[PDB]
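What follows is run00.txt (compact mmCIF, C-alpha atoms).
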```txt
# COMPACT_ATOMS: atom_id res chain seq x y z
CA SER A 3 122.75 45.44 120.37
CA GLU A 4 119.44 47.26 120.17
CA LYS A 5 120.05 48.99 123.49
CA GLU A 6 123.49 50.20 122.41
CA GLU A 7 121.97 51.60 119.23
CA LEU A 8 119.21 53.35 121.12
CA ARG A 9 121.62 54.88 123.66
CA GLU A 10 123.87 56.10 120.83
CA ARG A 11 120.86 57.78 119.23
CA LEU A 12 120.03 59.60 122.47
CA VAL A 13 123.65 60.74 122.88
CA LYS A 14 123.61 62.10 119.32
CA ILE A 15 120.39 64.03 120.01
CA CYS A 16 121.68 65.58 123.24
CA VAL A 17 125.12 66.44 121.85
CA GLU A 18 123.71 67.97 118.68
CA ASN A 19 121.22 70.09 120.59
CA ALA A 20 123.87 71.23 123.06
CA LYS A 21 126.20 72.12 120.16
CA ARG A 22 123.45 74.07 118.43
CA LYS A 23 123.01 76.52 121.33
CA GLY A 24 126.53 76.46 122.78
CA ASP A 25 125.82 74.23 125.80
CA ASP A 26 128.61 71.91 127.09
CA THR A 27 128.62 68.88 124.75
CA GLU A 28 130.63 66.66 127.12
CA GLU A 29 128.10 67.31 129.88
CA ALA A 30 125.34 66.53 127.38
CA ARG A 31 126.92 63.23 126.34
CA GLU A 32 127.32 62.28 130.00
CA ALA A 33 123.72 63.26 130.72
CA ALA A 34 122.46 61.19 127.81
CA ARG A 35 124.43 58.11 128.87
CA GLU A 36 123.34 58.40 132.49
CA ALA A 37 119.74 59.12 131.50
CA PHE A 38 119.68 56.07 129.28
CA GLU A 39 120.85 53.80 132.11
CA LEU A 40 118.45 55.41 134.54
CA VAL A 41 115.48 54.67 132.34
CA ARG A 42 116.70 51.20 131.32
CA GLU A 43 117.22 50.12 134.93
CA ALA A 44 113.91 51.59 136.08
CA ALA A 45 112.08 49.76 133.28
CA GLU A 46 113.91 46.51 134.10
CA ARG A 47 113.04 46.72 137.77
CA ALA A 48 109.38 47.36 136.87
CA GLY A 49 109.26 44.43 134.45
CA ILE A 50 108.40 46.75 131.53
CA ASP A 51 111.72 46.81 129.66
CA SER A 52 110.46 45.98 126.19
CA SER A 53 112.32 47.82 123.45
CA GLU A 54 109.01 49.56 122.73
CA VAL A 55 108.90 51.02 126.26
CA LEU A 56 112.58 51.97 126.09
CA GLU A 57 111.90 53.69 122.75
CA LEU A 58 109.05 55.66 124.31
CA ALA A 59 111.26 56.75 127.19
CA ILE A 60 113.97 57.90 124.76
CA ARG A 61 111.36 59.69 122.65
CA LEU A 62 110.24 61.56 125.77
CA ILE A 63 113.79 62.63 126.50
CA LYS A 64 114.43 63.58 122.88
CA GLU A 65 111.30 65.73 122.68
CA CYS A 66 112.04 67.47 125.97
CA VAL A 67 115.63 68.15 124.88
CA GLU A 68 114.67 69.38 121.41
CA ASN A 69 112.10 71.71 122.90
CA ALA A 70 114.57 72.90 125.55
CA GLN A 71 116.79 74.00 122.67
CA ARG A 72 113.87 75.98 121.16
CA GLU A 73 112.79 77.56 124.43
CA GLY A 74 116.07 78.55 126.12
CA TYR A 75 116.54 75.71 128.60
CA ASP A 76 119.73 73.86 129.48
CA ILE A 77 120.00 70.65 127.42
CA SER A 78 121.51 68.46 130.15
CA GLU A 79 118.97 69.64 132.75
CA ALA A 80 116.12 68.77 130.38
CA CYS A 81 117.60 65.35 129.62
CA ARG A 82 117.97 64.52 133.34
CA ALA A 83 114.53 65.78 134.30
CA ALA A 84 112.77 63.80 131.61
CA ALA A 85 114.64 60.63 132.57
CA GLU A 86 113.78 61.09 136.24
CA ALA A 87 110.10 61.57 135.29
CA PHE A 88 110.09 58.28 133.42
CA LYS A 89 111.74 56.64 136.41
CA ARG A 90 108.88 57.82 138.65
CA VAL A 91 106.28 56.45 136.21
CA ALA A 92 108.11 53.09 136.16
CA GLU A 93 108.24 53.07 139.97
CA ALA A 94 104.52 53.78 140.25
CA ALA A 95 103.78 51.12 137.61
CA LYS A 96 105.86 48.59 139.59
CA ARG A 97 104.14 49.42 142.86
CA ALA A 98 100.66 49.13 141.27
CA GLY A 99 101.37 46.08 139.08
CA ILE A 100 100.82 47.98 135.82
CA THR A 101 102.34 46.52 132.66
CA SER A 102 99.81 47.74 130.05
CA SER A 103 101.60 49.14 127.01
CA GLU A 104 98.77 51.58 126.28
CA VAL A 105 98.61 52.88 129.85
CA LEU A 106 102.37 53.43 129.96
CA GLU A 107 102.33 55.23 126.61
CA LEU A 108 99.61 57.62 127.84
CA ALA A 109 101.49 58.34 131.08
CA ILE A 110 104.63 59.22 129.12
CA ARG A 111 102.61 61.37 126.68
CA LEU A 112 101.17 63.26 129.64
CA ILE A 113 104.69 64.03 130.89
CA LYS A 114 105.72 65.26 127.45
CA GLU A 115 102.66 67.50 127.18
CA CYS A 116 103.17 69.01 130.65
CA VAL A 117 106.84 69.64 129.98
CA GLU A 118 106.16 71.24 126.58
CA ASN A 119 103.57 73.51 128.20
CA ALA A 120 106.00 74.53 130.97
CA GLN A 121 108.78 75.22 128.47
CA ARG A 122 106.45 77.38 126.34
CA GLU A 123 105.49 79.44 129.38
CA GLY A 124 109.02 79.78 130.77
CA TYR A 125 108.26 77.67 133.88
CA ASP A 126 110.36 75.07 135.64
CA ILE A 127 110.57 71.71 133.85
CA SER A 128 111.01 69.72 137.10
CA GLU A 129 107.70 71.02 138.48
CA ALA A 130 105.86 69.98 135.29
CA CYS A 131 107.48 66.54 135.51
CA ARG A 132 106.36 66.22 139.14
CA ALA A 133 102.77 67.20 138.38
CA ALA A 134 102.46 64.69 135.56
CA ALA A 135 104.20 61.82 137.33
CA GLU A 136 102.31 62.46 140.59
CA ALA A 137 99.00 62.41 138.73
CA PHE A 138 99.85 59.02 137.23
CA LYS A 139 101.08 57.75 140.63
CA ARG A 140 97.83 58.85 142.26
CA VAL A 141 95.65 57.17 139.64
CA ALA A 142 97.75 53.99 139.69
CA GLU A 143 97.67 53.72 143.48
CA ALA A 144 93.94 54.41 143.64
CA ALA A 145 93.24 51.81 140.98
CA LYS A 146 95.30 49.17 142.80
CA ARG A 147 93.67 49.89 146.16
CA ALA A 148 90.22 49.67 144.59
CA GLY A 149 90.99 46.43 142.74
CA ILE A 150 90.55 48.01 139.32
CA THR A 151 92.23 45.70 136.86
CA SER A 152 90.84 47.23 133.66
CA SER A 153 93.23 48.79 131.18
CA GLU A 154 90.32 50.73 129.64
CA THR A 155 89.59 52.32 133.00
CA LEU A 156 93.21 53.41 133.51
CA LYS A 157 93.52 54.68 129.94
CA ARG A 158 90.34 56.74 130.38
CA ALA A 159 91.67 58.15 133.64
CA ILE A 160 94.91 59.33 132.06
CA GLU A 161 93.06 60.66 128.98
CA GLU A 162 90.91 62.74 131.34
CA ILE A 163 94.05 64.24 132.87
CA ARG A 164 95.40 64.99 129.36
CA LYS A 165 92.10 66.63 128.45
CA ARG A 166 92.13 68.83 131.55
CA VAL A 167 95.77 69.83 130.95
CA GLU A 168 95.06 70.79 127.34
CA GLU A 169 92.03 72.82 128.48
CA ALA A 170 94.15 74.61 131.08
CA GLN A 171 96.90 75.33 128.54
CA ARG A 172 94.35 76.82 126.16
CA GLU A 173 92.80 79.02 128.85
CA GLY A 174 96.06 80.10 130.48
CA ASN A 175 95.29 78.25 133.70
CA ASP A 176 97.69 76.31 135.88
CA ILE A 177 98.63 72.92 134.43
CA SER A 178 99.79 71.48 137.76
CA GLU A 179 96.42 72.23 139.33
CA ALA A 180 94.67 70.62 136.34
CA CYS A 181 96.74 67.45 136.91
CA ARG A 182 96.06 67.44 140.65
CA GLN A 183 92.31 68.02 140.39
CA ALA A 184 91.84 65.42 137.65
CA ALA A 185 93.80 62.74 139.53
CA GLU A 186 91.86 63.53 142.70
CA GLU A 187 88.52 63.14 140.94
CA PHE A 188 89.64 59.68 139.82
CA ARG A 189 90.75 58.77 143.33
CA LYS A 190 87.31 59.73 144.67
CA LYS A 191 85.58 57.61 142.03
CA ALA A 192 87.89 54.67 142.75
CA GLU A 193 87.37 54.89 146.51
CA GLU A 194 83.60 55.02 146.05
CA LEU A 195 83.88 51.94 143.86
CA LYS A 196 85.88 50.09 146.51
CA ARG A 197 83.56 51.10 149.36
CA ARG A 198 80.52 50.32 147.19
```
Transcribe the structure of this file into structure tokens.
Amino acid sequence: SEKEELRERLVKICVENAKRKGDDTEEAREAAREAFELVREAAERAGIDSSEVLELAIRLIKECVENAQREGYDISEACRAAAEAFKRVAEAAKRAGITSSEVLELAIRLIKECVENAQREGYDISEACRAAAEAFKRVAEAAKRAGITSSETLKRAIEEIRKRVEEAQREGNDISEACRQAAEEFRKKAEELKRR
């Protein structure tokens, strides 16, 4: 099946990257298999389990794993953390009624960018995953509360977070704070919209 194929690809990626740097390949295979099910189930429960969304989730994991290999991080840790980050995006999407393909893609790109930035700087991957996923969760929740149904509005909110994260990266400022401040500015705007 397509899912079996996709899982096999992720296993290959994790095992090959573990083998390259002398990490435990059996742990990496296990991590890949468990990560795949974690993301599949989360997507299914959120009603977003198109093969396109599953491919994006696997791409996120792949990129985080490949960069872990480059930057001195444990392959299985990276695999798990990326999968858990996707799970939190899916959970927030479910709670807010978000199914937009473009919104989901931007949320997952934001996670990737935060993780890559953390890995470059030698910081903890899990903290970068939390900042990115929390920012999405905050925007999603604020949009739902305010009755914002527009995909363009959500896309522009996530793009603004991406823009502030890239600015912070460039200037050597804290990425997590950039995420927090940008999501909070959206929340304010949304709440004003609802009140007014």
Is it possible to get the residues within 9 Å of (122.3, 75.2, 128.5) (coordinates as in the file, counting all atoms listed in the file) written as a PyMOL selection string? chain A and resi 20+23-26+70-71+74-79
Mind pulling up the distance from CA of residue 131 in chain A to CA of residue 31 in chain A?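 Between CA of residue 31 in chain A and CA of residue 131 in chain A the gap is 21.7 Å.
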For range 4-7 of chain A, please output as a VMD selection string all residues within 12 Å (counting all atoms listed in the file; exclusion window: fewer than 6 positions along the same chain). chain A and resid 13 to 14 35 38 to 39 41 to 43 51 to 57 60
Write out the residues from the selection above, keeping C-alpha atoms, as a CSV table (one decimal), in the frame of the given file.
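The result, written out as again-v6.csv:
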```csv
chain,number,residue,atom,x,y,z
A,13,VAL,CA,123.6,60.7,122.9
A,14,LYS,CA,123.6,62.1,119.3
A,35,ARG,CA,124.4,58.1,128.9
A,38,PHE,CA,119.7,56.1,129.3
A,39,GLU,CA,120.8,53.8,132.1
A,41,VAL,CA,115.5,54.7,132.3
A,42,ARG,CA,116.7,51.2,131.3
A,43,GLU,CA,117.2,50.1,134.9
A,51,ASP,CA,111.7,46.8,129.7
A,52,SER,CA,110.5,46.0,126.2
A,53,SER,CA,112.3,47.8,123.4
A,54,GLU,CA,109.0,49.6,122.7
A,55,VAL,CA,108.9,51.0,126.3
A,56,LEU,CA,112.6,52.0,126.1
A,57,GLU,CA,111.9,53.7,122.8
A,60,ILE,CA,114.0,57.9,124.8
```
Looking at A:142, A:98, A:130, A:50, which one is nearest to residue 83 in chain A, with distances taken over all atoms listed in the file? A:130
Residue contacts of residue 73 in chain A (12 Å, only C-alpha atoms) excluding same-chain residues fewer than 2 positions away, as a PDB file with C-alpha atoms, in the frame of the given file:
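Saved as part-v2.pdb:
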```
ATOM      1  CA  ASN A  19     121.220  70.090 120.590  1.00  0.00           C
ATOM      2  CA  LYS A  23     123.010  76.520 121.330  1.00  0.00           C
ATOM      3  CA  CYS A  66     112.040  67.470 125.970  1.00  0.00           C
ATOM      4  CA  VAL A  67     115.630  68.150 124.880  1.00  0.00           C
ATOM      5  CA  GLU A  68     114.670  69.380 121.410  1.00  0.00           C
ATOM      6  CA  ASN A  69     112.100  71.710 122.900  1.00  0.00           C
ATOM      7  CA  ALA A  70     114.570  72.900 125.550  1.00  0.00           C
ATOM      8  CA  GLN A  71     116.790  74.000 122.670  1.00  0.00           C
ATOM      9  CA  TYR A  75     116.540  75.710 128.600  1.00  0.00           C
ATOM     10  CA  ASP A  76     119.730  73.860 129.480  1.00  0.00           C
ATOM     11  CA  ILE A  77     120.000  70.650 127.420  1.00  0.00           C
ATOM     12  CA  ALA A  80     116.120  68.770 130.380  1.00  0.00           C
ATOM     13  CA  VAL A 117     106.840  69.640 129.980  1.00  0.00           C
ATOM     14  CA  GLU A 118     106.160  71.240 126.580  1.00  0.00           C
ATOM     15  CA  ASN A 119     103.570  73.510 128.200  1.00  0.00           C
ATOM     16  CA  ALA A 120     106.000  74.530 130.970  1.00  0.00           C
ATOM     17  CA  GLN A 121     108.780  75.220 128.470  1.00  0.00           C
ATOM     18  CA  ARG A 122     106.450  77.380 126.340  1.00  0.00           C
ATOM     19  CA  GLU A 123     105.490  79.440 129.380  1.00  0.00           C
ATOM     20  CA  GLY A 124     109.020  79.780 130.770  1.00  0.00           C
ATOM     21  CA  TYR A 125     108.260  77.670 133.880  1.00  0.00           C
ATOM     22  CA  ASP A 126     110.360  75.070 135.640  1.00  0.00           C
ATOM     23  CA  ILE A 127     110.570  71.710 133.850  1.00  0.00           C
TER      24      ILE A 127
END
```
Find the residue from A:158, A:175, A:18, A:37 that sits nearest to residue 104 in chain A; use only C-alpha atoms when measuring. A:158
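With all atoms listed in the file as the atoms that count, the residue of A:143, A:187, A:129, A:115 with the shortest distance to residue 100 in chain A is A:143.
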Coordinates-based distance that separates CA of residue 182 in chain A from CA of residue 164 in chain A (Å, one decimal):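 So the two atoms, CA of residue 164 in chain A and CA of residue 182 in chain A, lie 11.6 Å apart.
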For residue 160 in chain A, which of A:179, A:107, A:193, A:86 is the closest residue, counting all atoms listed in the file?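 Of all the options, A:107 lies closest to residue 160 in chain A.
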Close residues, residue 17 in chain A itself excluded, 8 Å, only C-alpha atoms, min 6 positions apart in chain, as a VMD selection string: chain A and resid 27 to 28 30 to 31
Of the candidates A:195, A:148, A:141, A:113, which one gets nearest to residue 167 in chain A if we count only C-alpha atoms? A:113
Please identify all polymer residues within 10 Å of residue 139 in chain A, counting only C-alpha atoms, omitting same-chain residues fewer than 3 positions from it, and present them as JSON, numbers by chain. {"A": [90, 91, 92, 93, 94, 95, 97, 98, 109, 133, 134, 135, 136, 142, 143, 144, 145, 185]}
re CA of residue 146 in chain A and CA of residue 99 in chain A: distance 7.8 Å
Nearest residue to residue 46 in chain A out of A:29, A:96, A:11, A:16, using all atoms listed in the file? A:96
Expected residue set, 9 Å radius at (87.2, 53.9, 144.0), all atoms listed in the file, as a PyMOL selection string: chain A and resi 144-145+147-150+188-198
How would the residues just picked look written out with C-alpha atoms as an mmCIF file, keeping the file's coordinate frame?
```cif
data_model
loop_
_atom_site.group_PDB
_atom_site.id
_atom_site.type_symbol
_atom_site.label_atom_id
_atom_site.label_comp_id
_atom_site.auth_asym_id
_atom_site.auth_seq_id
_atom_site.Cartn_x
_atom_site.Cartn_y
_atom_site.Cartn_z
ATOM 1 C CA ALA A 144 93.940 54.410 143.640
ATOM 2 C CA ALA A 145 93.240 51.810 140.980
ATOM 3 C CA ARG A 147 93.670 49.890 146.160
ATOM 4 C CA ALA A 148 90.220 49.670 144.590
ATOM 5 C CA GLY A 149 90.990 46.430 142.740
ATOM 6 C CA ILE A 150 90.550 48.010 139.320
ATOM 7 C CA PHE A 188 89.640 59.680 139.820
ATOM 8 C CA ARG A 189 90.750 58.770 143.330
ATOM 9 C CA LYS A 190 87.310 59.730 144.670
ATOM 10 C CA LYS A 191 85.580 57.610 142.030
ATOM 11 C CA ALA A 192 87.890 54.670 142.750
ATOM 12 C CA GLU A 193 87.370 54.890 146.510
ATOM 13 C CA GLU A 194 83.600 55.020 146.050
ATOM 14 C CA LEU A 195 83.880 51.940 143.860
ATOM 15 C CA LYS A 196 85.880 50.090 146.510
ATOM 16 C CA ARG A 197 83.560 51.100 149.360
ATOM 17 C CA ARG A 198 80.520 50.320 147.190
#
```
Taking the block above, write range 108-137 of chain A with N, CA, C and O atoms as a short mmCIF file (atom, residue, chain, number, x, y, z; two decimals), in the first residue's frame.
```
data_model
loop_
_atom_site.label_atom_id
_atom_site.label_comp_id
_atom_site.auth_asym_id
_atom_site.auth_seq_id
_atom_site.Cartn_x
_atom_site.Cartn_y
_atom_site.Cartn_z
N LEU A 108 2.22 25.11 5.98
CA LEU A 108 2.98 26.22 6.60
C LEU A 108 3.33 25.91 8.04
O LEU A 108 4.43 26.21 8.49
N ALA A 109 2.42 25.30 8.79
CA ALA A 109 2.70 24.94 10.18
C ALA A 109 3.86 23.96 10.25
O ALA A 109 4.75 24.09 11.10
N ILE A 110 3.88 22.98 9.36
CA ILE A 110 4.93 21.97 9.36
C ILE A 110 6.26 22.57 8.87
O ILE A 110 7.33 22.17 9.35
N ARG A 111 6.21 23.54 7.97
CA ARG A 111 7.42 24.23 7.53
C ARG A 111 8.01 25.04 8.68
O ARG A 111 9.23 25.09 8.87
N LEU A 112 7.15 25.68 9.47
CA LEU A 112 7.59 26.43 10.63
C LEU A 112 8.31 25.51 11.60
O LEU A 112 9.38 25.86 12.11
N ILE A 113 7.77 24.33 11.89
CA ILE A 113 8.49 23.39 12.76
C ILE A 113 9.87 23.08 12.19
O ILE A 113 10.88 23.14 12.90
N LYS A 114 9.94 22.74 10.91
CA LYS A 114 11.21 22.39 10.30
C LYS A 114 12.21 23.53 10.46
O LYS A 114 13.38 23.31 10.83
N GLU A 115 11.77 24.75 10.21
CA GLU A 115 12.67 25.90 10.26
C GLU A 115 13.18 26.14 11.69
O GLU A 115 14.36 26.43 11.92
N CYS A 116 12.30 25.98 12.67
CA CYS A 116 12.71 26.17 14.06
C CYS A 116 13.69 25.09 14.48
O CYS A 116 14.68 25.37 15.18
N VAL A 117 13.41 23.86 14.09
CA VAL A 117 14.31 22.76 14.43
C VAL A 117 15.67 22.94 13.77
O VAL A 117 16.70 22.77 14.42
N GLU A 118 15.70 23.32 12.49
CA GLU A 118 16.97 23.50 11.80
C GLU A 118 17.79 24.58 12.49
O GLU A 118 19.00 24.42 12.66
N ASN A 119 17.13 25.65 12.90
CA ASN A 119 17.79 26.75 13.59
C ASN A 119 18.36 26.33 14.94
O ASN A 119 19.46 26.74 15.31
N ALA A 120 17.62 25.52 15.68
CA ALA A 120 18.07 24.99 16.97
C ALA A 120 19.28 24.08 16.77
O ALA A 120 20.27 24.18 17.50
N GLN A 121 19.20 23.20 15.79
CA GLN A 121 20.28 22.26 15.51
C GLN A 121 21.56 22.99 15.10
O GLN A 121 22.65 22.64 15.56
N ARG A 122 21.44 24.04 14.29
CA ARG A 122 22.59 24.85 13.92
C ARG A 122 23.24 25.44 15.15
O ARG A 122 24.48 25.47 15.25
N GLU A 123 22.44 25.93 16.09
CA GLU A 123 22.98 26.64 17.24
C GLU A 123 23.41 25.73 18.37
O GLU A 123 24.03 26.19 19.32
N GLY A 124 23.10 24.44 18.28
CA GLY A 124 23.44 23.50 19.34
C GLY A 124 22.44 23.48 20.49
O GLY A 124 22.78 23.06 21.59
N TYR A 125 21.20 23.90 20.22
CA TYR A 125 20.14 23.97 21.22
C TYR A 125 19.26 22.72 21.18
O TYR A 125 19.37 21.88 20.30
N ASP A 126 18.38 22.62 22.16
CA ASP A 126 17.54 21.45 22.29
C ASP A 126 16.41 21.40 21.25
O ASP A 126 15.61 22.34 21.13
N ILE A 127 16.34 20.29 20.52
CA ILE A 127 15.34 20.15 19.47
C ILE A 127 13.93 20.26 20.06
O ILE A 127 13.09 20.96 19.52
N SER A 128 13.68 19.59 21.19
CA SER A 128 12.33 19.53 21.76
C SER A 128 11.77 20.92 22.08
O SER A 128 10.57 21.17 21.91
N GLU A 129 12.62 21.81 22.56
CA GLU A 129 12.23 23.19 22.83
C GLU A 129 11.85 23.94 21.54
O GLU A 129 10.88 24.70 21.53
N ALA A 130 12.60 23.74 20.47
CA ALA A 130 12.23 24.34 19.18
C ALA A 130 10.89 23.80 18.67
O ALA A 130 10.08 24.55 18.15
N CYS A 131 10.69 22.49 18.81
CA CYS A 131 9.42 21.88 18.44
C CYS A 131 8.28 22.47 19.25
O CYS A 131 7.20 22.73 18.72
N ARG A 132 8.49 22.69 20.55
CA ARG A 132 7.42 23.24 21.38
C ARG A 132 7.09 24.67 20.99
O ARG A 132 5.92 25.05 20.97
N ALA A 133 8.11 25.49 20.72
CA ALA A 133 7.86 26.87 20.33
C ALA A 133 7.02 26.94 19.05
O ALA A 133 6.06 27.72 18.94
N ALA A 134 7.40 26.14 18.05
CA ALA A 134 6.71 26.19 16.78
C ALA A 134 5.29 25.67 16.90
O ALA A 134 4.34 26.28 16.40
N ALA A 135 5.13 24.53 17.56
CA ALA A 135 3.80 23.93 17.68
C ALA A 135 2.90 24.79 18.56
O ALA A 135 1.72 24.93 18.27
N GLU A 136 3.44 25.38 19.62
CA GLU A 136 2.65 26.25 20.49
C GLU A 136 2.18 27.48 19.73
O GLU A 136 1.06 27.94 19.91
N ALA A 137 3.04 28.04 18.88
CA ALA A 137 2.68 29.21 18.12
C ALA A 137 1.50 28.88 17.20
O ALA A 137 0.53 29.65 17.12
#
```
